[PDB]
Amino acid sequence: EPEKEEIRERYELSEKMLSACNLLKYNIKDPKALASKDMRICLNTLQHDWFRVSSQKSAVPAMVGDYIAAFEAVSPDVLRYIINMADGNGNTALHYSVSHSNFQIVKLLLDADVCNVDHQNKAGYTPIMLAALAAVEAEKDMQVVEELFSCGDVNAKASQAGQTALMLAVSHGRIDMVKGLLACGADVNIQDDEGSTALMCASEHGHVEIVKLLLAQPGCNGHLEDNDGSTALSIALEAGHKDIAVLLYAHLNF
């Protein structure tokens, strides 16, 4: 074992990248400087390197952790500045990390305790919304997912349709994700821009066990209507879901 030890070397910032960090630290408190043509060049170095390191599918958690540590040692303001840069799609490292199921890196970002986890990308979605649909295979990962849910607003509504993370999870029949969202305070009575609830999404898609889980929520209101007056019960009938429909009638009236 020890004679066969393979040391992983620390990753270190390039000269140009460390220079950009030091430049940013001195102008972080001068908004005029930050807005200048010349300073856009250093900001470009920052964003290009950081996204290359943090946000590819193949991203190395040890490299991201070394970078976080190096930024921190330049300045905590530099660390919080870089961690929350968004590219031209409005995506942060936390959006890409989550999307890739790179949960070690998600864990690193949350642990910096400088991450804004409620940031909407250009598509209009938060990292929690992306997480609702991200592949998860080990239980160690679902713990990071639940940390992410805990650290931000699970009740945010997306710019397109006002959908919620709970609605996205319901619509994919992701019971594991519905449970974690519920456990972290997702409100089941939020309505999207058309008046739909998660209960209605579950009736549309026929997810019987999700319907049970939503109805098991203490304040769940099965009487809400969408903009057209449709109810969860009426939707279940229209979509041909006779057993969901009986479940819903029985809960409204027992």
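The first residue of the shown sequence is 1; numbering continues from there.
Stretches 133 to 141 and 83 to 91 differ in mean CA B factor, with 133 to 141 having the higher one. Legend: mean Cα B-factor per stretch from the PDB entry, 92 to 100 versus 159 to 167; the higher mean is in 159 to 167.
The PDB entry assigns its highest CA temperature factor, among 54, 45, 58, 203, to 45. Ranked by Cα temperature factor within the chain, residue 126 sits in the lowest third according to the deposited record. Among all modelled residues in this chain, the alpha-carbon of residue 65 has a temperature factor (C-alpha) in the lowest third. Ranked by Cα temperature factor within the chain, residue 190 sits in the middle third according to the deposited record. When the modelled residues of the chain are ordered by C-alpha B-factor, residue 175 sits in the middle third. In the deposited entry, the Cα temperature factor of residue 117 sits in the top third of values across the chain's modelled residues.
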